[PDB]
Amino acid sequence: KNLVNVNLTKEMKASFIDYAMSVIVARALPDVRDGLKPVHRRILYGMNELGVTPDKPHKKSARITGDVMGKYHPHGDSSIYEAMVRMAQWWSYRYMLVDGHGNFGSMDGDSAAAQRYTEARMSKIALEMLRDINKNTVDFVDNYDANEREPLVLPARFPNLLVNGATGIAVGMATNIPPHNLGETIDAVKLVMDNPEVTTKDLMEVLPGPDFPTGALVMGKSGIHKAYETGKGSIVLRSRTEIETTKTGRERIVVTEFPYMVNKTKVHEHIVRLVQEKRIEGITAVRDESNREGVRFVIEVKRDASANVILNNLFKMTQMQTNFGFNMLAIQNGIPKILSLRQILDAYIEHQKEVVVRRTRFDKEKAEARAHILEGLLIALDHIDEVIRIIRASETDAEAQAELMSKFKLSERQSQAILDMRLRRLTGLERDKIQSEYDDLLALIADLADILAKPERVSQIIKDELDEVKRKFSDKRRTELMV
Amino acid sequence: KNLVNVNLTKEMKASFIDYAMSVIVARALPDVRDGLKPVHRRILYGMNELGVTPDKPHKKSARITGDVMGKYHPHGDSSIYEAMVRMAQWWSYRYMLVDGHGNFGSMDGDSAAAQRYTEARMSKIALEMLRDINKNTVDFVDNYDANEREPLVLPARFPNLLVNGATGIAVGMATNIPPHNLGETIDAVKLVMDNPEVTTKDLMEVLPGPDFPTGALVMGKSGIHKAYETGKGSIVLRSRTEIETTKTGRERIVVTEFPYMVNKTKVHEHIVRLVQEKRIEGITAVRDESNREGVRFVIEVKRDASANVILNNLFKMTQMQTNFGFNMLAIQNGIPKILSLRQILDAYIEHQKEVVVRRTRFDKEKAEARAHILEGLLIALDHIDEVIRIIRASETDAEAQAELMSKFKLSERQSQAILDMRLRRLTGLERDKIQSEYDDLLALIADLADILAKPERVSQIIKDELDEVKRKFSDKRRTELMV
Amino acid sequence: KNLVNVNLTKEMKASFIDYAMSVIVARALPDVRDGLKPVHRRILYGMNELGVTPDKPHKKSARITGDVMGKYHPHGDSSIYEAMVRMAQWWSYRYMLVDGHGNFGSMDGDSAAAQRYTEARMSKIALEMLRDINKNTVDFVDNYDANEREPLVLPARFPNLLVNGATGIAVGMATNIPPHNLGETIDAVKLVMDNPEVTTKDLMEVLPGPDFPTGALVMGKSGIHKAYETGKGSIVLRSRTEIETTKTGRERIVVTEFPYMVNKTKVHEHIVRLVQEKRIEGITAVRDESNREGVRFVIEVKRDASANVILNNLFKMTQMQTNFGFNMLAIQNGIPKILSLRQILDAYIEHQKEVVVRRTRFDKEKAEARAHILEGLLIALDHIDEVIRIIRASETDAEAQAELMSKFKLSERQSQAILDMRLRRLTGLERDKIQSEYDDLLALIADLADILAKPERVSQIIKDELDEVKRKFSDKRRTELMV
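Residues numbered from 1 in each chain as written, not as in the entry; some residues may be left out. Chains lettered and ligands numbered in written order. Part of a larger assembly, values for the part shown. Heavy atoms only, no water.

For this structure, the PDB entry title reads "Tetrahedral oligomeric complex of GyrA N-terminal fragment, solved by cryoEM in tetrahedral symmetry".

What follows is about the overall build of chain A. Counting its regular elements, chain A contains 17 helices and 15 strands. Against the 2.2 N^0.38 benchmark of 23 Å for 483 residues, chain A shows a C-alpha radius of gyration of 30 Å, more extended than a compact globule. Overall size of chain A, expressed as C-alpha extent along the three principal axes, is 110 × 65 × 45 Å. Across the 483 residues that make up chain A, the buried fraction comes to 48%. Pairs at least 24 residues apart make up 67% of the contacts formed inside chain A by residues separated by at least 6 positions. (Helix = DSSP H or I, 4+ residues; strand = E, 2+ residues; numbered from the N terminus. Rg over C-alpha atoms; globule rule 2.2 N^0.38 Å. Buried < 20%, exposed > 50% of the residue type's maximum accessible area, 1.4 Å probe, protein only. Contact = heavy atoms within 4.5 Å.)

The next point concerns the relation of the copies chain A and chain C. Overlaying chain A on chain C yields an RMSD of 0.0 Å, the required transformation being a rotation through 120 degrees with an accompanying axial translation of 0.0 Å. Viewed as a symmetry operation, the transformation between the two copies matches a three-fold axis. Closest approach to the rotation axis among the C-alpha atoms of chain A is made by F16 of chain A, whose C-alpha sits 5.3 Å away. The residues that chain A uses at the interface reappear at the interface of chain C in only 5% of cases, marking distinct surfaces. (Least-squares fit on C-alpha atoms.)

In this section: the relation of the copies chain A and chain B. With an RMSD of 0.0 Å, the operation that places chain A on chain B is a rotation of 120 degrees combined with a shift of 0.0 Å along the axis. Little of the interface of chain A is mirrored in chain B: 4% of its interface residues are interface residues there too.

Each partner contributes to the interface: chain A provides 28 residues, whereas chain B provides 19 residues. Summed over both partners, the interface of chain A with chain B buries about 1900 Å², with 62% contributed by carbon and sulfur atoms. When the area that chain A buries against chain B is broken down by residue, the three leading residues are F16, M21 and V171 of chain A, summing to 27%. Across the chain A-chain B interface, the total number found is 1 salt bridge. (Buried area = accessible area lost by both parts, 1.4 Å probe. Salt bridge = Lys/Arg side-chain N within 4 Å of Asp/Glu carboxyl O.)

Residue and element names in this part refer to chain C. For helix α13 (residues 384-392), the full list of buried residues reads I384, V387 and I390. Seen along its axis, α13 keeps its buried residues to an arc of 130 degrees; they face one direction. Opposite the buried face of α13, at more than 90 degrees from it, the exposed residues are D385, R389 and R392. (Arc of directions from axis to C-beta.)

With that out of the way, let us pick up a negative patch on the surface. Residues and elements named next belong to chain B. On the surface, a cluster of negative charge is made up of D108, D110, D288 and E289. Within the fold, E289 resides in the loop between β10 (283-287) and β11 (297-301). Exposure remark for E289: the relative accessible area of 52% places this residue in the exposed category. (Patch = residues over 30% accessible without salt bridge, like charges linked within 9 Å, V, L, I, M, F, W, Y side chains within 5 Å. Areas by Shrake-Rupley, 256 points an atom, 1.4 Å probe, with all protein chains shown as cover. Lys, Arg positive; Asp, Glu negative; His and termini not counted. Charge placed at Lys NZ, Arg CZ, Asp CG, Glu CD.)

This paragraph deals with the packing of helix α7 (residues 182-194) of chain A against helix α12 (residues 341-382) of chain A. Residues and elements named next belong to chain A. Where α7 contacts α12, the axes come no closer than 10 Å and their chain directions differ by 80 degrees. The orientation of α7 relative to α12 falls into the category roughly perpendicular. Residue-level contacts link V189, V192 and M193 of α7 to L345, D346 and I349 of α12. The residue makeup of the contact of α7 with α12, split by class, is 5 nonpolar, no polar and 1 charged. (Axes fitted to C-alpha atoms, helices over the stretch in contact; angles between N-to-C directions. Parallel < 35°, antiparallel > 145°, perpendicular 65-115°, else oblique. Nonpolar A, V, L, I, M, F, W, Y, C, P; charged D, E, K, R; others polar.)

So, about the interface of chain A and chain C. Contacts between chain A and chain C engage 19 residues on the former and 28 residues on the latter. Both faces combined, the contact of chain A with chain C buries some 1900 Å², and carbon together with sulfur accounts for 62% of it. Scanning the region where chain A abuts chain C turns up 1 salt bridge. If you list the elements that add at least two residues to the side of chain A that touches chain C, you get α1 (10-26) and α3 (61-71) of chain A. Among the elements that take part in the side of chain A that touches chain C, α1 of chain A stands out by supplying 7 residues, more than any other.

Let's shift gears to the side chain of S394 of chain C. All names here are of chain C. By the secondary structure assignment, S394 is in the loop between α13 and α14 (397-408). With a relative accessible area of 19%, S394 lands in the buried category. At 2.5 Å, the side chain of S394 forms a polar contact with the backbone oxygen of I390. If sequence neighbours within four positions are ignored, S394 has contacts with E399, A400 and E403. (Polar contact = N/O pair within 3.5 Å; in protein donor to acceptor, adjacent residues only side chain to side chain.)

Time to look at the sheet that holds strand β3 (residues 119-122) of chain A. Reading across the sheet, the 3 strands line up as β1-β3-β2 (chain A) and stay open at both edges, with antiparallel pairing between neighbours. In the strand order of this sheet, the two ends are held by β1 (59-60) and β2 (98-101) of chain A, each with one partner. (Pairing = 2+ DSSP bridges.)

One pass over the full model with this rule turns up 27 aromatic pairs over all chains. For the pair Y260 of chain C and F324 of chain C, a centre-to-centre distance of 5.6 Å together with 90 degrees between the ring planes defines the contact as edge-to-face. With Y260 of chain C in the loop between β9 (252-257) and α10 (265-277) and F324 of chain C in strand β12 (residues 321-327), this residue pair connects regions lying 64 residues apart in the sequence. By the ring-pair criterion, three or more aromatic residues cluster together here, those being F212, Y228, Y260, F324 and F326 of chain A. (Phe/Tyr/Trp six-rings, centres within 6.5 Å; stacked < 30°, edge-to-face > 60°.)

It is worth spelling out the environment of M320 of chain C at this point. Residues and elements named next belong to chain C. Turning to its location among the elements, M320 is positioned in the loop between α11 (307-317) and β12. Residue class for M320 comes out buried when judged on its relative accessible area of 2%. Each C-alpha atom, one on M320 and one on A453, is 54 Å from the other, the two residues being 133 residues apart in sequence. Every residue in contact with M320, bar those within four places of it in the chain, is listed here: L237, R238, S239, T241, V255, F258, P259, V267, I271, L314 and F315.

Turning to the sheet that holds strand β3 (residues 119-122) of chain C, a few remarks are in order. All names here are of chain C. As summarised here, the arrangement of the 3 strands in space is β1-β3-β2, forming an open sheet in which the pairing is antiparallel. In the strand order of this sheet, the two ends are held by β1 (59-60) and β2 (98-101), each with one partner. With 4 bridges joining them, β2 and β3 adopt antiparallel strand pairing. Opposite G100, over in β3, you have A120 as the bridge partner.

With that settled, consider a positive patch on the surface. Taken together, the side chains of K10 and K13 of chain A, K10 and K13 of chain B together with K10 and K13 of chain C define a basic patch exposed on the protein surface. Residue assignment for the positive patch shows that the elements contributing at least two residues are α1 of chain A, α1 (10-26) of chain B together with α1 (10-26) of chain C. Residue position: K13 of chain A is located in helix α1. A relative accessible area of 59% places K13 of chain A in the exposed class.

Within the structure shown, the criterion is met by 93 salt bridges over all chains. Salt-bridge contacts for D34 of chain A lead to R41 of chain A; the nearest nitrogen and oxygen are separated by 3.1 Å. A salt bridge links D194 of chain C to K463 of chain C, with the shortest nitrogen-to-oxygen separation between them at 2.6 Å. Taken as a pair, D194 of chain C in helix α7 (residues 182-194) and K463 of chain C in helix α17 (residues 455-473) lie far apart in primary sequence, 269 residues in all. Here the salt bridges share partners, and the residues they tie into one network are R131, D132, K135, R157, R359 and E465 of chain A.

What follows covers unusual backbone geometry. Excluding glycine, most residues fall at negative phi; most peptide bonds, likewise, are trans. Within the chain, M261 of chain B stands out as a residue other than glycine whose phi angle is a positive 55 degrees. Within the fold, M261 of chain B resides in the loop between β9 (252-257) and α10 (265-277). At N333 of chain C, a residue that is not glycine, the phi angle is positive and equals roughly 55 degrees. Mapped onto the fold, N333 of chain C is located in the loop between β13 (329-332) and β14 (335-338). On the accessibility criterion, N333 of chain C (75% relative accessible area) is exposed.

It is worth spelling out the packing of helix α12 (residues 341-382) of chain B against helix α17 (residues 455-473) of chain B at this point. Residue and element names in this part refer to chain B. Running from amino to carboxyl end, α12 crosses α17 at an angle of 105 degrees, the nearest separation of the two axes being 10 Å. Of the possible angle classes, the one that applies to α12 and α17 is roughly perpendicular. When α12 is examined against α17, the residues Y348, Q352, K353, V356 and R359 are found in contact with a partner set consisting of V458, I461, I462, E465 and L466. Tallied by class, residues from the contact of α12 with α17 come to 6 nonpolar, 1 polar and 3 charged.

This is the structure we're talking about:
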């Protein structure tokens, strides 16, 4: 009993809200608008600023995490590398945002040694997540070192919550992984953006549901319907098992698809233990006939035993048919909320409208500034002789630009462009190029103003780039929806 | 300052209550009704389900803790093994529930290396703690993997709070160890269950107080009386020291019983340091004349120095006579409360009444179902010819059992027993055995109904099994209550 | 979900206040009245009770931290040794309270191995911090082992907040380091204690501001004025850099003083990376021309590049000119408060008044007890014959002292001094010494009563001992206040 500091009412409330919000944000459930944890966001943005894209070969992950420590995220090195390892595995994570280089793990449960042993880089999907970031797309903030700037939320181009899910730590509130097939997800985005009232049955027509990174069988469409209506629910995960009867008589259970985030080795040891716990018999042996390649494993049922009985009993006991809860809890508008499939996609469509409007306004700013400078040079091309007469009558550059701005109503940018205009550009062979490019840039300004004026074309650009992503990446369901 | 999640009033209250209750339950003060921590409860129940009893030799503790991790308690492996080591030491813990096998520690303060170096099993007292568990005795719950079931509270057969105590971590609220002699405790339980108003002076007539695992001297019966009245108090722990005067002249302090959870080595180094801190003199030397066997240690006082002065001064300074607080704080009805010796034993007697009523109702269910089946076979033995006439007139087994249930008002269990009754059992040599066993089972049902009807016999069964435990285990006080 | 303990309203409030106050005190922001963390306070007091002063050579730090663990502070050994290492470095800490012995670290960022490899002791400033501690100066408390006593707040002799600063961990509330030059600080204390209303501009006349342990340049006197008025503010830290033009042409940036708690190696690697990040060019190379001795480092700017442009750009980008916040938050009266420079020094002057009054009352107690005993012996010297007549008429010592106290109105201390008075002291050659020493001790009592009666002399003693400290230690600013 050392500190005896008493008068701590509102200060314990403020410090408690601060430490709770720091838990919820930093080491807990991620955002709606990109589905990415802040550790993950700083991973992607730091590896963007290092430029470690798939044009270059893989770089040492220790340098990337050291730049994360020195710029964006001052926390555990092994925790940042844990996020690195979990992101860069095909079974741990559906679409590997980071493509790694070296031993990371196995489905049996394995870990890499440290951040200085293996390499990594961004995959083809992180370039999607970071395409059009540097263009006033999402507002930056100053981080803990007050010299670096980080993005608040990564400007996504595909809604990554439905793709990769949110694993959650409860300090009262935890959250789950509904994974999804990318192409059906994008089609669901299209149908929601077309009709503002689509029933969730008509999106279950679109979306089957859990597209696992290793495949499985999903039992229960009722729990699926409950989940994409209310947010809370549970489905059942039955492995892809089949009964194959030999001509000899000793039947066969071929198991090929253990469910989401379930060990192989622990389940097979649990099966052998349940043989030697002797509650039920009939299992002859287990053949684990692969080292790393191909997931198809034979467990034998003896002669004179219907293997569907053994199959139902291993589904009852083991981690081969489990429950799996859905609770789609994430940050919207700064608060954690349980949100539905409708609400996730409504918010994502609103965010892509924000992304498109900000990118379009940025390019209109850039082209408008260039057209402003080119208009100043065009006014210089209008009355060349008066400009030359003032330059010959000038004494300093400031006098020349001030008298040009006084005489032809010019800007500082315009007058600097005139006083830095090259004399070789004083020809009709150059006035043609300037005038044609000026009309082209005003045409581009009119096009971007038409984009900013009509929200239909906003949705059109969204549809086009989403279908581009769907062409570039969309596989189909490794998991079969059974009944 | 990363997460900026604002609207968190009731969610920070719910998450804060959740994390606080998870601290209080999991890593903090244990229960009234069995005195066992949830880590300890999962240790005992996992080692029960593995069957690692003293009929078998000791098994590797790593496998037990791995089964704890895979079934009941997903937390620190070294923390679970710390509970394993602390439970399985005679000086660290009064009655070793786990009997170990290998190097665990010393009273000097020593630790085992890991969970995969040494072995363990249950001792003779954990079989008491787990006797009659599988018989609807305490309701199970589903744990974090939703396939395993764990017990809420272990059905105790001796009140383990008073025996082993509760060490407590304060997040505002900590709790202490009153240990007790088992036989006097059981006699106190008997006298409380006999007279519902026994004064606490009359139970201090029964209970002396702290029965330490290594022995000591307890000063202060006033603090003892304060403790078993109100819960809060403190007693004084003076070591078993004696002054032995040599014929030569250089006197002797024989110290044999350091108090509860006090190091030997730190106290002897503190004594040598107090000699070389030179506040008071007269100590010649310290002889630590044992390696591991026998706790009797001689510290010499020189010629011309009364060793009672040195003895009072080492009691003033060192950790040889210390204070020791009592604050009997534990979970009753789901809340933590400071409870008295009366209240602990009233609650324990209520829990054993619950245990006895549930076990008696379970055995009445089992014998009643068997008597129901045997009554169906007895009705089959009544009119055998009509049953045979319907079986000969039957076409399917479902038809046969339906017509038997229609004709003689039978059950599905009764009709299956009749249609599976062996024809060799159709004799008067077999009707005698069935009728005699049927009357015996109805006699057992009448006996269990008499147990469920009269709470006197409930207390009688409690007295009998407690006195059985008292015969099987009760030693006496290694600690002397001095004045 | 293991513990299900519900009724926890006021108990979660009490446990939450307890764990929050334990964070704030133990592992967080330190006190006003000595500027020392409780870990640091237990370091200094434990090394005081071990007596490891600079009269003896350095002792092994593992023994000191082990005595800290065994007496005052039961927490992380590496955390206590982290406080040991940070305190005993000239660049990590302004005036090294602990003087160490061995490898501790570097400005590049280095750590010692453990507490058992290197040695330490108190420096010349910890003897100042612990001078007049054992004299009823600050009230002790009983610590966690109830046998040791520790000081609440160390009786400081120079205000250590302004000297060494308070680094803070936010659980909502963090705090910063304003370091100060000792001599100007003491002069500010003198001027505040003289005039109770000195304007903060007139103390910025006294106090320049941040006296860093390695030197720097401070930009912004406005933020300084904001800081010592309100507490919150920020100043800018520009390194001591200079542009030196070679006769060849390739200019030179000599950097000698990186700011407070900024790495060298990370900044030079950041500069080389910014060369290879290729945002701006002109830097030729970096020469790190020292191993450990002398901090003067040359970074080259190429021919035809004004190095003030490169200098402003490295100030914009790197950690060479940074921001630095001031938020003087510390414990006053048991609560954390943001306090101003006026308020820190008003509270420090009040604390030194408390120190002086308590020390003066202690020495008045000691001299008054000695004068009481000497007055009893003086009354014995008055009527020697009656005392001898009663001693000759006595039978026991208790009778003799009781009859002396009855006959001459004496005390137990006085009568024991008379009955233990040596007969050789019954001479006029000894009555002279007793009478002269008695008048001298009554003169000392009158002097201390004059100190306790007039607060002017209290401030005078404070001024004298502060100027003694200023003579013994005060260097000048390694940091230049630039504009």
